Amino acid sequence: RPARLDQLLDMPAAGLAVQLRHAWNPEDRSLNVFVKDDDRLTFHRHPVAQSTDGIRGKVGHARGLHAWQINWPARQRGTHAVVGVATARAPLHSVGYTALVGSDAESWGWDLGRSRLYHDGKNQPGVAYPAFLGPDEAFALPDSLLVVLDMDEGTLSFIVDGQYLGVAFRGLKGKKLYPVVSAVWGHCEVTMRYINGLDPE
């Protein structure tokens, strides 16, 4: 576990105003999702058939270390629940049911149902994550996970059950990366709670 990750997580968690600044962006989304007015940290996906829909956080990170919590109820995932980061150019919708995040060079995602990492996924196969998993093996992840973006080292990592799962992706330095997810489940509600950020030393 990196020393800086321990430093970020030992800090008191950021308050509501900071969480709202880093929440889902009602202006940067598929039209098939909306940000809930009574809980602006959560979006709701309309029950549209044969559609995959995403949304980005309001803040695109270009430097520093950042962590946010995703709460995605396990029975609201369906065939394709993907969590990760994207540039501003990543598409936020596809026809059909797809792992939209990680499907091209503009995003990096963890397909929760397959326990596979995708980046430029049309060209590159998925990577088993967590590491313990065999080639045809997946793990049923709990509702909550932490997403850790290190823009200075250029890495994305995850923490599940308080266990750091290691670097999932590298090569992110010099970009401007937003939290993102892609969803397919009718009426799913996914919450994102920014925890903290830490400037490089």
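In this text, residue numbers run from 1 along the sequence as written.
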Residue stretch of maximal mean CA temperature factor, 52-60 vs 150-158:
150-158
As the entry reports it, the stretch among 181-189 and 12-20 with higher mean C-alpha B factor is 12-20
For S107, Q76, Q124, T79, the deposited C-alpha B-factor is largest at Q124
What third of its chain's C-alpha B-factors does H44 belong to: lowest, middle or highest?
lowest
Taking the values exactly as deposited, rank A128 by C-alpha B-factor within its chain and report the matching third: lowest, middle or highest.
highest
How does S30 rank on Cα B-factor within its chain, lowest, middle or highest third?
lowest
Sort the modelled residues of this chain by their C-alpha B factor and say whether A168 lands in the lowest, middle or highest third.
middle
Chain-relative C-alpha B factor for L145 (record values, thirds): the middle
